[PDB]
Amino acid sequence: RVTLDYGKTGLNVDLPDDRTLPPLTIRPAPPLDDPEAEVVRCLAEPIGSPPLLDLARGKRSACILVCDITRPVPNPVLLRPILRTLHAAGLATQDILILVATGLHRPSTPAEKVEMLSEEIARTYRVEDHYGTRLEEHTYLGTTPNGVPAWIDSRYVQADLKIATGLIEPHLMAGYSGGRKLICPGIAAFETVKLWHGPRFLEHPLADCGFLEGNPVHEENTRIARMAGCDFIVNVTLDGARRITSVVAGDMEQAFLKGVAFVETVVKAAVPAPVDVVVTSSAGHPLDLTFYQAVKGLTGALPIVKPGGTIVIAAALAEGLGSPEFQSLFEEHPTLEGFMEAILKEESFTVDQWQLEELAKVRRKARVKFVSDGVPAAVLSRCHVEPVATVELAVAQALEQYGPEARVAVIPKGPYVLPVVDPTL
């Protein structure tokens, strides 16, 4: 028996005792007893930055970037200390904007802002959404040597004090989330993101979970974030039960890299050899709201599945497939091969196409069996995965296909784990 992450509930799965490896879990580091108290300490004694109170002295306006619903940041723990310090520094609440760094996602709803930030904060401060398809809401900052123009939300660019908050987890393109990613793509225009999420970046072998140095995705969004600037970040890591295990604050690069150095010691989970069947999740609510995001569970499993193996994913998909643009690509391109011909041979850019490219990367290596009650089977079958009614059935089907030597690995927290093959094991 194992509980996979699945919406707000989890999912209780029975897996074959004689076939299944011990579950891949992140290392059990101690949670912080008082993470808000720790945030307070880190604001007074940050990494590579003056104390936030000293940074905020004499500033007339502030913009605080926060993640949208898809990231389970415990925002009030981070924001209450920040907001207290800004008030102490003399900034009035009307001088402070909380900007939801949607990237190219849809805007957060009023209810989501309350879920993300607490009723007290959502009611007291101006909270606005980034709109990536609205170029007019962005300021041009220059073009990188790789040819990517930097278009960043003007409300942030024009703020006296720039602050970003977030969460360091593995990421299938940028290696890890957090730090600079709140700026690029969090408040970057489609004119920027379409190129940065273009196949010239995404087909690179190091554009993958866990890779920073040498990953052009990370080199480029670091460069673009530095063209905008960021005076101060606060980032956390979360364990499997969503307790904060570390807080980093200060310089946008130095604090981020300190947080990554910690999370690298807990998120890696090794098997001695790749396996024919990998059971995984999309890390539950809120990440697994859409099929668009749940592709992350599929890419996360790739390092430990054998070529031609099967990934079995469970995800609640309570919000369905994703954006209208994302959904339209399945209708416009019934095969992944035709989709990849479209985007590889010409400069063809459609919102959210990058996740279809990631799904194509998955399907070049593995079959996928998809278990969900949030999207009908008939719909999922048009999404280049095989809908199966239960994980237990899906595993039984895969084990018959691969035979009596086949083994099962299981990753209950899905893309929040970094599975690796360690032959020395």
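The first residue of the shown sequence is 1; numbering continues from there.
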With B-factors read from the PDB entry, the higher C-alpha mean of 143 to 151 and 230 to 238 is in 143 to 151
Averaging CA B factors per stretch from the PDB record, which one is higher: 112 to 120 or 160 to 168? 112 to 120
Max C-alpha B-factor within the set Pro74, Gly300, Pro274, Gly178 falls on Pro274
Kindly indicate the residue among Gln353, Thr290, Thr265, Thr222 with the greatest C-alpha B-factor in the PDB record. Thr265
When the deposited Cα B-factors of this chain's modelled residues are ordered and cut into thirds, is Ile98 in the lowest, the middle or the highest one? lowest
In terms of the chain's CA B-factor thirds, is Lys194 lowest, middle or highest? middle
When the modelled residues of the chain are sorted by Cα temperature factor, does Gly338 land in the lowest, middle or highest third? middle
Can you tell me whether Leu15 has a C-alpha B-factor in the lowest, middle or highest third compared with the other modelled residues of the same chain? highest
In terms of the chain's CA B-factor thirds, is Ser49 lowest, middle or highest? middle
